[PDB]
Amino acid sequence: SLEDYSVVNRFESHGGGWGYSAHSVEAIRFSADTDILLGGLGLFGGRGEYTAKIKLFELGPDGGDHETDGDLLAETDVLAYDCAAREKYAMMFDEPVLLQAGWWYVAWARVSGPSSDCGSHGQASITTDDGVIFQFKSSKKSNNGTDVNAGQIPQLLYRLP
């Protein structure tokens, strides 16, 4: 049956709604202090029918202090999705990607559709129940308001090796 994955939720609350436009890009920088297998990203929807393409970029060990344009590690095609109000949709990469402890990455999503749910009270640091510490920082690739505090990409979906 479907393989189970752990979740890290970067937001502690919700906002009003979030809108999209023709070239909107949601992105967030992150790092985990432990090697993890990244399977996908959790996305808000909740108020209709959406599409999204997701990407993962590598920045490296210095990517928290100096954001380069990064190296593409994974990408999906555009895929339609929906989910219940307040919930997240699990958009999976074609294959999971092994991330290195202390290295920085960019989680990226190009979402299209009507207004959606969104996050607020986003956290710079989250410690998951298994003890892994995730850090989040705003990304220069994000052009539609998503940042460390607010917006899209509420979750990373991962397993421990």
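Residue numbers run from 1 along the displayed sequence.
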Mean C-alpha B-factor comparison - 39-47 and 115-123, higher one: 115-123
60-68 set against 131-139, stretch whose average Cα temperature factor tops the other in the entry: 60-68
Maximum C-alpha temperature factor per the entry, among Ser13, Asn9, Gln152, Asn144, belongs to which one? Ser13
What third of the chain does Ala22 rank in for C-alpha temperature factor, lowest, middle or highest? highest
Would you mind ranking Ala74 by its C-alpha B-factor against the rest of the chain and naming the third, lowest, middle or highest? middle
Quick check for you: using the entry's CA B-factors within this chain, is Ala85 in the lowest, middle or highest third? highest
